[PDB]
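S.K.: show me how the following folds:
(chains A, B, C, D, E, F, G, H and I)
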Amino acid sequence: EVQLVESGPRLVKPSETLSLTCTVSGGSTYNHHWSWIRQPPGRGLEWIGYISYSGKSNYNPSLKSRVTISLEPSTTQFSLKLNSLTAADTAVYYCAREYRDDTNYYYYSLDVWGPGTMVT
Amino acid sequence: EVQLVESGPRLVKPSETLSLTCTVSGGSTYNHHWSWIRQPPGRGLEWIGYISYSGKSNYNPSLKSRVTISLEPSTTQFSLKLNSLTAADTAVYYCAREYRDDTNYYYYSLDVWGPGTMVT
Amino acid sequence: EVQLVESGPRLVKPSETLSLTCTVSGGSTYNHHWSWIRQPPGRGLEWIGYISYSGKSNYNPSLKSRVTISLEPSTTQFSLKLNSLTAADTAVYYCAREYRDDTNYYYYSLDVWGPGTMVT
Amino acid sequence: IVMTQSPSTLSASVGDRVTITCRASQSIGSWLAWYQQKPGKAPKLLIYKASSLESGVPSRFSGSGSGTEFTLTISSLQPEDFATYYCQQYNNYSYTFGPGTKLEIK
Amino acid sequence: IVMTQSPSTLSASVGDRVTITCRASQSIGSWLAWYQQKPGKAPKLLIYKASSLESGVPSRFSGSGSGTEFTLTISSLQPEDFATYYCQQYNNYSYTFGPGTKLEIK
Amino acid sequence: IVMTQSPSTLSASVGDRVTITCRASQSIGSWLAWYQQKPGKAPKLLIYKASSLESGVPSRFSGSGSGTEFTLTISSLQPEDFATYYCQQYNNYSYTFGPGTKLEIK
Amino acid sequence: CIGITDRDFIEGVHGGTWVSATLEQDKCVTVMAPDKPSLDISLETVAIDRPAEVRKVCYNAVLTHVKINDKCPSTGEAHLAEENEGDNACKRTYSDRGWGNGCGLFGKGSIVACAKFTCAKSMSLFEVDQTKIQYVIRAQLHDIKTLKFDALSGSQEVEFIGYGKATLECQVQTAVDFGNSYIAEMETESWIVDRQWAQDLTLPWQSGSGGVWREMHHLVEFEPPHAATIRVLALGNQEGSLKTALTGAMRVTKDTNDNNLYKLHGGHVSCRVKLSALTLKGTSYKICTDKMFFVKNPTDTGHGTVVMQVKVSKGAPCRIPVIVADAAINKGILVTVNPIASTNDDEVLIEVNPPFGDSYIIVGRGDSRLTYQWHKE
Amino acid sequence: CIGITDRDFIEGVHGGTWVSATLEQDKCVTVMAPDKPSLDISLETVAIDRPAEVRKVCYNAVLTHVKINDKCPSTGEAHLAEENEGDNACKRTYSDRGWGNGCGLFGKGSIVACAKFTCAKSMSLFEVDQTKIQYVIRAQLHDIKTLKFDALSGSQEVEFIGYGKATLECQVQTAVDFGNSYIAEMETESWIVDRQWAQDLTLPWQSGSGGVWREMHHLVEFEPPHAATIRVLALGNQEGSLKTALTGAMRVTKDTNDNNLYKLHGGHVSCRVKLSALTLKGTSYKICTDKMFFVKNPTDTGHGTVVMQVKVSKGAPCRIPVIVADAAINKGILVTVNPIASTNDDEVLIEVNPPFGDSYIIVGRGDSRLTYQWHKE
Amino acid sequence: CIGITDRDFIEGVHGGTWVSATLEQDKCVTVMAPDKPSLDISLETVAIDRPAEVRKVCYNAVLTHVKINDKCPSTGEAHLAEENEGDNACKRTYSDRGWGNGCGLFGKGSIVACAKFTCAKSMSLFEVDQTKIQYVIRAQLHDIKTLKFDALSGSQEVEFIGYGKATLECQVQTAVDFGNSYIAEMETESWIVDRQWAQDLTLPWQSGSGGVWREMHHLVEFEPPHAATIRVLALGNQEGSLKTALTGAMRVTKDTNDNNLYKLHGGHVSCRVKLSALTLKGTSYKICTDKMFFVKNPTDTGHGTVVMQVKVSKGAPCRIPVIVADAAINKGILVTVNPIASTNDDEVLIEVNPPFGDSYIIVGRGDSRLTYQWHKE
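M.R.: Numbering: from 1, shown residues only, chains lettered A, B, ... in the order given. Sure, structure below:
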């Protein structure tokens, strides 16, 4: 059964780097687009970006300059990197999967979500 | 599904060597006897010879002196070598499989054939 | 199908060492407790001892001082070592398996036995 | 590409046929999904591809629309359905969320 | 821990309900097995866990008992059943055999 | 070991029960196969082991014989059957073809 | 209608008078009595009312909501939630994993695939409880009475004028073994089929008590697994198939009135009419002689028999002597009882079950008799 | 009892005198004759005797004696002796092998598992041979005679006093299609069920000729393989399931006497009594008029009909005019023949099969008539 | 033959005269009338004509044309053309590959195997349409008439001399539930079997509409895969099995004449003969008394009953009083109607269905009565 769980340091000093890790359990990280999202308390969601297995990533135009998302097929855990971070970035960070059926054109989704990590 | 296809140089200078290659697709070259045949246009067929996987080959008494047939289990493509060739050898060259059931005594065949290569 | 067979030298000189080998055919030596037994002609059985795969062996209190039982998971043959041997040890030597279901609490057994080796 | 929802707030009763609207900054075809997040947990997918539904979602929920405008609908409002509802965009590349209409008891 | 059987010898007829007893040096619960060895071959398992039986054993054979004392029983004695019968102990660790009651024709 | 066919030429009509013969240089038992090659393509196996047939061959085709002489037969001749027909030998080692009887329209 | 002969009724010294008549559909039997109006009795309809449903058979299925899950070698089996939910057809297999598809090693990886089964077009099947077979008898003078009978309730009694109280003990005789048959519904249409013919169908089925569609694989194809993917296809429609197979099976016309009642075309009812003590009149008919001819030629009935229609010119009220022979003696079976024509230039039905093979149907006697050739396999 | 009307018997100029009566259970028909005692005839019991067993269906299973065998990769398949013995349910699969579990290499290792199948509680199913349906008729004066009839043996004759020798030609009419039904036994209890309903059960079954329990997997679960081990579980009891599904099916009371005979509650017997030449007496009843009322309200029968019980005050011996209408004409079917009350202040049964939907049952004529509302789906 | 008693016929004041008689096979009933020759009526044959075929069951299969295909690890699945063609039984599995067998790596390689299924000896199964059950009645004077009846066509009328036109309303009563049975053919021989007994057979079957042999694995064994090879075996013949199981089932003799008609040994026909107005003669028989004895002892019938044959010495034409008791009263059922002996020193059949358990059959009254012990399970 498929579940996602993110981890790292839940407390970071401003203007520094950010290292989150979404570990994927009960499934193969070969498929889909592996995506991140955030939610600043009081406010709603903002789509950050995704990455394929092959490595074709794509980011949100408002943040790409400061964001790197890596994909490790080996340990099956796609990771998030947000540098030059501020207190606006202080939020809840969900790692979720998008979807890809490809052989059938049953596509659209953000299926499995993690509980999210509160980062400051 | 099982198919055979032969290849190489479709044009060779007399008194030289000959290198044909029957590639076997959709099947294991572990079994059967792997055979070659030729047909000089205007005339019919002449059985050249076969080779086992183990390597127990057997040739036509009228040609063995000039013929080598090799078996590569790796790339699955048994190959034909006809040296001291003349214009009588100029013909159509089919690579076909014989057969072996062994565990059942349902035997006789030349089952799958290739389209054949016109060699000059 | 599961069968056990013991072997070695069926004739040994007193006060020396002993090397028997129970080879296990048709089964995995990962499980159960692998046991030895002996029977001095005219007399009945005496339980010698067992060994797990992990290597947790256990011997008969009256003999442990002179007994080593090894377990080779590789070649699947657990072996018996009886040093300082005398003519009392001269007997029939059976290698048999005990049992372990673990996931079900259906346990007790000495299931498969070997024909036994007459050692002098 | 931006998504705008209306209303953002609603006061309804357990049984009300409620209706939330969600409009895009352009035509996105039939590509839109809805989400139900109750405060504390992670967002949960309800509707996918405009109108199709995910196994694990009550039949009272029903979405529609294509092109520019899309709507959600709960036939007869239920306790657990008091949550905040979001929408999604496809782009063939970069995705976008909505503001989220918070559903609230009357 | 020691096992003692009674009798050690028996003279019976093909049809006799024979009964061999086996007692332990202490309480071992329901953990006991019986064995049938005819001279020459290796011992063969008959009964396991006091009363339960192994597939490959005739129904005439029947064992019982728990705690300290256990008994075997052949409902109607048969040719092949003329063999020597042993018992077993569990300890949760180190096992023990019995003397063996030799079954013999009358 | 040599195979000889008769005739080598035939002029028949769509419906004719045609019969081609094939004789060996010695007794080869029941080991013989037939082939149907239309000009251009590779030979195709029809009959195997004297009389048995390969899945993919019409029932009009029928072979027979053992030992020294073997015959083919088309019960009611058909369009596609206008091809050249060959035979085969086994030896337990080195194989041999026939001359080939060309079937031709009348 | 057709009046009764003398042997068809019997009047007692004491008690009452009893009639015995086998009435068949689309025909009528009249009874006469001196100083009294005629009593016309007919069998109007034989029907079945709402036969219980037994098994639906889907001949067109539609797949929806597709989900596939993957496991790399030595990470165990692949598990979906949809494996449990009965709506979905699920297959389990193993795929060729390795470098190209982001695993940890080479080998077969567990892959599971599910899709929601929805049955687009189904074929219903109904059982017929024979102790519920309704049949309706109408009896009027020349003051109408309609008599609803059940297969079980064969005894129905009715008041009258002059004739007094009547009591009818009636049995039903069905045209077809309803214990070897099913009533099968497909959209607007319905037929009578073999039980076994349906039970041997290779399509998904759902019991009358409901439940899940069983053996869904008949209409669903799971193509061989690839890297981490599987193409799933719902098979084509099979309506043409069933409809082509439903040809060799008689159709059962729906009702115009109640539209929930099934009308059997064949069959007949045997009746015993207990009547008060009164003297009836016995018309004795004469076996026809002169000119007859086929209004409608002998034609197959779809249940092993054949029906013809003839007309009479010179014959007055007359019995029609129908026989099926190899000059010789007949070997067939006259289905139609009282093949009699009331008025000249009037059409009449004659059903018959000939011997298997080649036989000749002969209708009438003498020069003006009719002859028809018939084969039966 | 209830005397016969005049039309129910007939006396001949020569020969004998014949009676015709449809007798139903729990009721009695009496025949009178001048200078002679009354002849009371009744249908006592309709029964089935030891119907053949067809298929047992286990609804509670118990697993015993568990065995599991292992094979490391490239050492072939795993084989147990229990795979052959039919007592045991066996599964074959492959497990994740490697270092941690003492093999020689990485890969799937063949593992086989067996356990002894023992059926704890089963449901028996019986077929009813209709040509063996027994029915018993008692006939006494006012010197008793008991007449054991079979469905096949419908003609039984009996000596008497004064009435001489009688001969009874009787047919049986069953309340329910026994060709679409099964007699199902579960412990102390038994019912009548659909054949298909049972044939579509998802439980293990064993044919009447014996054999092995088939499709044991319905009640046995083999959990996914681990290292070298498999947890096997017998599924829970399913008695609650069947019992809940056996509600919508009438129960069949066991016998108090023979205790191997099954008594059918419904059904009736149609009789023709050949008697010697003698004059009987025909009581002609009058259609009731005055006060009637429901002893027991109309209530469902569980087989598509409804039974009521009424009482009469002023009406002497009188016929009860039962009809089921939408002032109009009835569309229903009067099940109960001769709905007549012998003595005032005496209860009487009336069964009826109304049209589907909403209809009104009307019993009696005039002010004192009774009316009941009834719905049917 | 056996003449009719007085109660068996009835002559009316008006109308005609009716006879009622239950005729059984191998017996005859004669009717007499003053100033007229005797009318002998008998039931000659009860038959079934070409019952539809439902399902063949192969009990001997033969495999031909064997093909096996191989795939090395990570080269995908192995595919044969024969997997599609329905003639062939096909299995799919995986084999231990590696160095010794010319692959590219270690692991399981896909292997597919097919062989042509040919059914050598099969068992046919037929359904019996009960509304097609033929029965033939012969009636001659002392000028013969043969009357072909159908189960449906129970009313057949016939001209005569002196007796005039007769009309026969006849019903058929079958010896065995044909809705729980199959007619099963195996070569020269045939039987009556349980439907379920056949439906529960573990052999390959083919529906009556044709199609492919289903579940071929019952008679075909695919031995465990090796390197790149599989031994396939057709299982042995199973004729001994069926034949041994077909013992406890009565056989059905084929026809000598038509050789496509099935003759039922048991069963009887109930008839009502409408005749013209004429006075018949009623022979009143006397219950036999003196010496009787068993020509053939009571013996089982294979369908729950027992048949005996007795002879009479002193008794003239006399009724035979057959009863089955535990001095007491009988509890059994007299199958044979009119157990009467026409001439002394002549043999007569008596069939009876006793109570289950131990009972005594008593035939005759007084000292010269006969007694036989009988057990039934």
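S.K.: so who does residue G:361 touch?
M.R.: Counting by Cβ atoms under 8 Å, 6 or more residues apart in numbering or on different chains, residue G:361 makes contact with G:298, G:306, G:308, G:322-324, G:332, G:352, G:354, G:371-372, G:374. Using the backbone N, CA and C atoms, a C-beta is placed for each residue, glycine as well.
S.K.: let's see 6 Å
M.R.: For residue G:361, the set of contacting residues under the criterion of Cβ atoms under 6 Å, 6 or more residues apart in numbering or on different chains consists of G:298, G:324, G:372, G:374.
S.K.: quick check: which element contains the third one?
M.R.: The one in question is residue G:372. Element membership of residue G:372 [criterion: DSSP states H and E] is strand G:370-376.
S.K.: what lines up beside that strand in the sheet?
M.R.: Applying DSSP bridges to the sheet, strand G:370-376 is found paired with strand G:357-363 (antiparallel).
S.K.: picking that back up, which of the contacts of residue G:361 count as buried?
M.R.: Burial by neighbour count, 16 or more other Cβ atoms under 10 Å in any protein chain shown: within the contacts of residue G:361 this picks out G:298, G:324, G:374.
S.K.: give me the nearest residue to the first one, chain neighbours excluded.
M.R.: Think residue G:298. Across the structure, with Cβ to Cβ, 6 or more residues apart in numbering or on different chains as the measure, the residue nearest residue G:298 apart from its sequence neighbours is residue G:308 (4.2 Å).
S.K.: kindly report the same for residue A:48.
M.R.: Nearest one to residue A:48, counting by Cβ to Cβ, 6+ apart, is residue A:36 at 4.2 Å.
S.K.: quick check: that neighbour vs chain D, distance?
M.R.: Here residue A:36 is placed at a distance of 11 Å from chain D (Cβ to the nearest Cβ, to the nearest Å).
S.K.: surely that residue meets residue A:47?
M.R.: No. At 8.4 Å, residue A:36 does not count as touching residue A:47 under the criterion of Cβ atoms under 6 Å.
S.K.: now do the SS call for the closest residue to chain E within chain G.
M.R.: Proximity to chain E, evaluated over chain G using Cβ to the nearest Cβ, is greatest for residue G:77 at 30.5 Å. Put simply, residue G:77 is coil when judged by DSSP: H, G, I helix; E, B strand; the rest coil.
S.K.: all helices for chain A, in order.
M.R.: Residue ranges of helices cannot be listed for chain A, since DSSP state H assigns none.
S.K.: centroid residue for it?
M.R.: When chain A is reduced to its mean C-alpha position, the nearest residue by Cα atoms, centre = their mean turns out to be residue A:36, at 2.4 Å.
S.K.: who does it form a beta bridge with?
M.R.: The bridge-partner assignment for residue A:36, based on DSSP bridges, gives residue A:49, residue A:95.
S.K.: what's it in contact with, if anything?
M.R.: Each residue near residue A:36 by Cβ under 6 Å, 6+ apart is listed here: A:48, A:80, A:95.
S.K.: what about the second one, distance to chain D?
M.R.: Right, residue A:80. 16 Å.
S.K.: how many residues are close by the closest residue to that residue other than its chain neighbours?
M.R.: On the basis of Cβ to Cβ, 6+ apart, the spatially nearest residue to residue A:80 that is not a chain neighbour turns out to be residue A:20, at 4.1 Å. Other residues near residue A:20 number 22, with proximity taken as other Cβ atoms under 10 Å in any protein chain shown.
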